[PDB]
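>>> part one of the complex, untouched from its place in the assembly:
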Amino acid sequence: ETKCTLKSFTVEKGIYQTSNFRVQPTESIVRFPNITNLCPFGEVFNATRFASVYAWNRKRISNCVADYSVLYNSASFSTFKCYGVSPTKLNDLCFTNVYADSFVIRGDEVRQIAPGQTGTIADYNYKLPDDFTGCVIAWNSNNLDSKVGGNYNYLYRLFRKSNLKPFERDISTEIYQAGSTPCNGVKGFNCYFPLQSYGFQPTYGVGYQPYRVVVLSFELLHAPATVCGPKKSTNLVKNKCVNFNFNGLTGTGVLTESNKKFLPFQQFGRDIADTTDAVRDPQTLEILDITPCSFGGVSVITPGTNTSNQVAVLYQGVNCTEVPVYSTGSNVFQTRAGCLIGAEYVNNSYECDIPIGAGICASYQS
């Protein structure tokens, strides 16, 4: 390398600077604050009961962590169909808040809940736009809602002149007028009740059993987001040149423990010229220090090509602990100038021959 940089086949005695040495990072770590304030899903999914389909129970979800891993991986849900977004990446993608619509429908009516669908439930009870984003989760409730004497607590809208617009609840009990004869608020010759009650029984067949269905819709208005999935936090390793991602701020260096006293609100510190110099872990609230990974120049000490061919190597300003073909080589010396490989330190003292630094220098005898 000395010959190549110097561009000759002969090298005079001296010290030459050839290249640079930089420690490389080992692995990555990310830490995030404790997962807390779980979105209220269990109180909705596994509540005492559900509302009727024409009077579907609507809930607004905001300011919480929305864990979908257990939601997606739950095996007790009969149907789990997501249209707008991929269920697997739901833990990553997130909108500013969520809406929940919970109700009870018959088994055959499960497929009626889809964009661009027509039917009694799909038109007179609830409508979904073709641009819907979110998921639909349906599960059996025959053991819960179906009654052996006939479940009459759930009703569906059957008579209405026009179809419901998407995201609209109609609770009007006006008696539908089948014919041209207006009715004074009661059924009659050409009038009937718009709402019809179910007859759910455990003896009912496939598709005739009460199914509890929750539709989750994600909305991302320009307001700051409040609902997002959990963030995985890895473990932390000290005294190793690594790259880290503390709570959204990234940096590369060795991460040690520090005794600085922060203040109950300020997260991370910095020293001067706007360089990050201390962080506090969101999990444990400890003041850790950051130091850039080691680097320096390398120099080759030679006594002259005319004399010999053996050389020594100096790594400048590098701690003599992580040097690594000369990973071990000869005996290794540590000085204020750096680390020296290929030379041995004696107790004598002569005139200086090849200046090394910090008061020491080298010569040939080896």
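Right, received. Where do you want to start? Numbers count the residues shown, from 1 in each chain, chains lettered A, B, ... in the order given.
>>> just give the number of residues close to residue A:272.
6 (other Cβ atoms under 10 Å). Just so you know, the C-beta spots here come from the backbone N, C-alpha and C atoms, and that holds for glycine as well.
>>> what's the helix or strand for residue A:278?
In the assignment (DSSP states H and E), residue A:278 maps to strand A:276-280.
>>> grab the nearest non-local neighbour of residue A:110.
Leaving aside its sequence neighbours, residue A:110 sits nearest to residue A:138 (Cβ to Cβ, 6 or more residues apart in numbering; 5.0 Å).
>>> what's the spacing between the one you found and residue A:62?
Taking Cβ to Cβ, to the nearest Å as the measure, residue A:138 falls 25 Å from residue A:62.
>>> okay, those two: which has more neighbours?
Neighbours of residue A:138 and residue A:62, each counted by other Cβ under 10 Å, are more numerous for residue A:138; the result is 22 against 13.
>>> so that one sits in a strand?
Yes: counting by DSSP: H, G, I helix; E, B strand; the rest coil, one finds residue A:138 located in a strand.
>>> ok, then the element right after the strand holding residue A:278?
Once strand A:276-280 ends, the next helix or strand along the chain (criterion: DSSP H and E) is strand A:287-291.
>>> report the buried residues of that next one.
A:287-290 (16 or more other Cβ atoms under 10 Å).
>>> direction included, what does it pair against?
Applying DSSP bridges to the sheet, strand A:287-291 is found paired with strand A:249-257 (antiparallel), strand A:276-280 (antiparallel).
>>> so what's the gap between it and the chain middle?
Mean-position distance between strand A:287-291 and its chain equals 24 Å (Cα atoms, centre = their mean, to the nearest Å).
>>> same deal with stretch A:62-78?
For stretch A:62-78, the distance to the chain centre is 15 Å (Cα atoms, centre = their mean).
>>> same check, this time on stretch A:278-285
Taking Cα atoms, centre = their mean, the mean C-alpha location of stretch A:278-285 is offset from the chain mean by 18 Å.
>>> here's chain B, drop it on:
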Amino acid sequence: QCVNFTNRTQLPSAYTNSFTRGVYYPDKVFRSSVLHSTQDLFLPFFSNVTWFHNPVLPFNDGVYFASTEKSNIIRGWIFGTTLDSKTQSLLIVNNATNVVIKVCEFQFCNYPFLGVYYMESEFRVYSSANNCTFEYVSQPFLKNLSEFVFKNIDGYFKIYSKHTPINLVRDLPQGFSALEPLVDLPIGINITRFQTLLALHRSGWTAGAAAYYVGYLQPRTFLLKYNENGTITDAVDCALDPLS
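Chain B added:
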């Protein structure tokens, strides 16, 4: 449920000096024994601060509020553009227990108020709240000086606070005290004008001793000094004097 009032009370608004009060921590960054120059939106040194003994006031950039409060009769705050059902209005209430915050299209009357029934339950500030999204509850906030700074930046309401025991009679003291961040609200409204609540004894409202100080903020450059512990101990206003 709130109605008109015949006694058109007027607050004896006087003026006084702001001195060197109203300095807060601009960022969550720790710094140790340094002199950092920061350009931001503060309360200019030795300004003209207004004193009151529920008037309508503008918000402008941001509002500094102070009270050498006794018994904490002052309770809440109203913010918004029109303070009606036509626009979202922010509401803050602080009582002896868990404090509450809403943003709703509250339909305020001419003289909204809480009212206390002397065991107390009276709340008729608004009349309707039909369309609204966000709500919030948090721990209680509060002879002794209390200083608050209210700001609103890019859909982010911000409340800074500080408390001190004081013995001076009337005016602001010649002291220095940094303001710690207290609460952030990541909600976007076009707040441009605000109000002030009162705890009147209703059974005939009796609210006459309501003294508090109000000031306004402007953009400028400051030079802050951090000690060994990273607490702001002194500041210098750049655009005040040639010496500064």
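>>> what do you get for the buried residues of strand A:287-291 once chain B is counted?
Residues of strand A:287-291 classed as buried by neighbour count (16 or more other Cβ atoms under 10 Å in any protein chain shown): A:287-290.
>>> before we move on, what about stretch B:166-178?
For stretch B:166-178, by 16+ other Cβ under 10 Å, it's B:172, B:177-178.
>>> CA atoms only: put that stretch into PDB for me.
What follows is stretch B:166-178, C-alpha atoms only, in PDB (Å, rounded to 0.1, in the frame of the first residue of the first chain):
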ATOM      1  CA  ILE B 166     -46.100  35.400  47.400                       C
ATOM      2  CA  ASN B 167     -46.300  38.100  50.100                       C
ATOM      3  CA  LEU B 168     -46.300  41.300  48.100                       C
ATOM      4  CA  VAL B 169     -49.500  43.300  48.200                       C
ATOM      5  CA  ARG B 170     -50.600  44.400  44.800                       C
ATOM      6  CA  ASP B 171     -48.100  44.400  41.900                       C
ATOM      7  CA  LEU B 172     -46.000  41.800  40.200                       C
ATOM      8  CA  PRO B 173     -42.700  41.100  42.000                       C
ATOM      9  CA  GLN B 174     -39.300  41.700  40.700                       C
ATOM     10  CA  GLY B 175     -38.500  38.000  40.400                       C
ATOM     11  CA  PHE B 176     -37.500  35.500  37.800                       C
ATOM     12  CA  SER B 177     -39.200  32.100  37.400                       C
ATOM     13  CA  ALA B 178     -39.100  29.800  34.300                       C
END
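>>> next, see if it gets close to chain A.
No: contact of stretch B:166-178 with chain A (Cβ under 8 Å from any Cβ of the partner chain) is absent, the minimum separation being 10.5 Å.
>>> quick check, nearest of the buried residues of strand A:287-291 to residue A:253?
Nearest to residue A:253 among the buried residues of strand A:287-291, counting by Cβ to Cβ, is residue A:290 at 4.7 Å.
>>> contacts only, for that closest one.
A:251, A:253-256, A:276-279 (Cβ atoms under 8 Å, 6 or more residues apart in numbering or on different chains).
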